[PDB]
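Under PDB author numbering, the first residue of the sequence shown is numbered 6, with each subsequent residue one higher. Step one of this worksheet: look at the structure below.
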Amino acid sequence: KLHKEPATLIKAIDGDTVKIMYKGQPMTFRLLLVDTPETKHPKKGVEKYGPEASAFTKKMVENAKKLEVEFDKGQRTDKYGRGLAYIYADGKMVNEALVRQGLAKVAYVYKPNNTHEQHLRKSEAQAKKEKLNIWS
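Next comes the structure, spelled out in structure tokens:
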């Protein structure tokens, strides 16, 4: 079973990336299973709904009393050294909240880091049906 661990916010960096203190060390975390429009994307720069996805994640992790990280069952870091995880703000998964609001798509999935995949796809189908943001 996955297990949540306590973490402390350092800085939100973008819609899909947060800097956090994990087990004493500063680490950059990439949110698992989701792709947000970015403000600092490799090629295009500041895509549409990028500033909005980015403000949403920031508000949510900045206003939390408790932040927790939940690693999946596969690799826990990507090739850039970023932690790969589900992030929770007072019990609410940030990854799902973004998708539920139409501020993210469900990424291309890579087994076995896919535990909450179905859960996320269910929220994504709902945000599309509601025609929210990215889906508007």
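The beta carbon of each residue, even a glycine, is placed where N, CA and C say it ideally should be.
Buried or exposed (CB count within 10 angstroms, at least 16 for buried), residue i
i: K110; result: buried
i: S141; result: exposed
i: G55; result: buried
i: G96; result: exposed
Three-way DSSP call (helix, strand, coil) for residue i in this model
i: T41; result: coil
i: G50; result: strand
i: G88; result: strand
i: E135; result: coil
Residue of the options minimising C-alpha distance to residue i
i: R126; options: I15, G107, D21, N138; result: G107
i: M32; options: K16, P42, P47, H46; result: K16
i: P117; options: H46, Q80, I139, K49; result: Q80
Opening and closing residue of the beta strand (DSSP E) in which residue i lies
i: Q80; result: Here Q80 belongs to no beta strand (DSSP E), and DSSP marks it neither H nor E.
i: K24; result: 22–27
i: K9; result: 9–19
For residue i, the first and last residue of its enclosing alpha helix (DSSP H)
i: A58; result: 55–67
Identify every run of the beta strand (DSSP E) within the stretch 87–126, keeping only runs that are complete inside it and at least 3 residues long; order them along the chain. DSSP runs (the beta strand (DSSP E)) wholly in the stretch 87–126: 88–94.
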